[PDB]
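Take a look at this single chain, the form deposited in one PDB entry, given in structure tokens.
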């Protein structure tokens, strides 16, 4: 099939282009596909790209448009007043505006299909919505259509929703094209996906990217594989990883670093409507917020993340309990058995489940997978699946037996419903990952564990010291290992905030000198300095020239290997906005070599100030390029929940930022 119409080079300068007598006659049949290569870097707040209308008096609501918002949202309207139909479908954060000081060419494919009664929209190869209706309205069945327009919808003789942008190609087909035919449409994409809907994780959502350059040249990525929409824990979540052996050009199929099997790995399309979006998987264990580092001495690659027991997240996590009973200097995991109201057991050496009440070992052991064995025989539980088939979220047993784990809901022996940290290690730089182990508590028996700061750990350049920053209430708590991850001690730093999400990332400015950048509740990024290689920390200061919202966002920061303008350089990645998680920037800081202060000298614009940018991972690639893996959406907004393929990868050179 050829196009029924094909246009090219249309300038949308707040003035509509009429294409009625090129298109309307050729429209026929009830199925259509719009293919549109458009640009829009200074978009109006709301603006229609393409529009078919009844332009006559009294039929203002008789029209189809493809519209966008300056927030990056894309959508369609299919309206007909005589039929009593008024369809509106959209997805936030669907568009790119600008990459490297250049308008991005978006590729839009809208599929209007009468056989399935489905309206499907792709932008840039990604499906952003797909909606089935009871009563289908072909876009060309709207009664009295007499205008085909670009850059407005002609309503009762006047231009509505005037567009500022440009259309490079618009085609229409009297055919609803196959998914196969969509993926053969060429793309000029400024981004690539490392993790995506459909890959081997089978999660439809991803949050909290990380990136790290290993010594071999491999770049490694970790992420939350988030199953229950984009919701934090409590949910189903796994830590997935992927690596690139070619400077970011290609990535390996994702694997798991940490996983749980109490709930099935399901690609689900969450619930974006207001009655159902807060549906949140409630019976599953999960991992959340990973951080990665390489150990120089052993060659190991170390990855930590938070571990949440079935049904737990930071909201309901038992503060006032670590999950451990200390016994002169040693820490043991506490266990609660079925039918008991108190925690009567601990996991002594070799995983011996020991009864603290009667002071006797039992027939039960916990293996290194935290799986429960009775007299050496594996115990199992039945797995859960999730579905919205009944019109609300159901969590129900699915027939499959999986090894029974102390973190699960159906386990005979359960861990304290609080939050933990675990580490895994790889000895092949991310090709496999050893079974995770729980870190001991750092703040006593009567305190829940700290929360890991997503991103990178710090591997000091001239020692064997590893550091992972964590946060808790009223302090930054650095975890420090001088033995390849075997042992850990804490180094506390008081922060002048109560209930901060003080997500912290570190740079080593010169040997022994660490600057930590972190999120606060002040609308500003904070920082402190150890000159101690992390033993002691300074008071808190703030960065001017960057704004954050009051709740803040995770900040990522790296020490660039090369000199910029003759100075040592620090790179920082954050949203720069007081209005939302949007207006993302890599900001380039030159270290003054005398006092260690930083002149934040260049601000690079990742996309339009109005376009979403949230958590972010950066790294210097072996070729001195910068890799960015970031959430291209507002991951705080209750309007942008549950979007697929918004965590994206881009490649930048220093020249691009300066």
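Numbering follows the first chain given and starts at 1. Here, rigid core means the biggest group of C-alpha atoms that superpose within 1.5 Å across both forms.
Displacement analysis by core superposition in 5 other deposited structures of this protein ranks 320-328 above the other of 219-227 and 320-328 in root-mean-square C-alpha distance from the shown form. Judged by mean Cα B factor in the deposited record, 505-513 ranks above the other of 505-513 and 579-587. Averaged over Cα atoms, the B-factor as recorded in the entry is higher for 353-361 than for the other of 379-387 and 353-361. Comparing the C-alpha B-factors of 641, 650, 646, 23 in the entry, the top value falls on 23.
Across the residues 176, 219, 415, 255, the deposited record lists the maximum Cα B factor for 176. Per-chain ranking of the deposited C-alpha B factor places residue 625 in the lowest third.
Among the modelled residues of its chain, residue 54 has a C-alpha B-factor that falls in the highest third, as given in the PDB entry. Annotation for residue 62: CA B-factor lies in the middle third of the chain's modelled residues. Compared with the other modelled residues of the chain, the Cα B-factor recorded for residue 115 ranks in the highest third. When the modelled residues of the chain are ordered by their C-alpha B factor, residue 45 lands in the middle third.
Just so you know, the form solved in complex with a small molecule exists too; it's not on screen, but the next bit is about it.
Mapping the unseen interface onto this chain, residue 620 counts among the residues with a heavy atom inside 4.5 Å of the small molecule in the deposited bound form. Although the partner is absent here, residue 212 lies within 4.5 Å of the small molecule in the deposited bound form, judged by heavy atoms. The shortest heavy atom separation between residue 83 and the small molecule in the deposited bound form exceeds 4.5 Å. Heavy atoms of residue 558 reach within 4.5 Å of the small molecule in the deposited bound form, making it an interface residue. The stretch among 452-460, 486-494, 364-372, 83-91 whose residues place heavy atoms within 4.5 Å of the small molecule in the deposited bound form is 452-460. Of the residues given (447, 325, 336, 296), 296 alone sits with a heavy atom within 4.5 Å of the small molecule in the deposited bound form. Checked against the small molecule in the deposited bound form, the residues 26, 624, 593, 42 give one hit for a heavy atom within 4.5 Å, which is 624.
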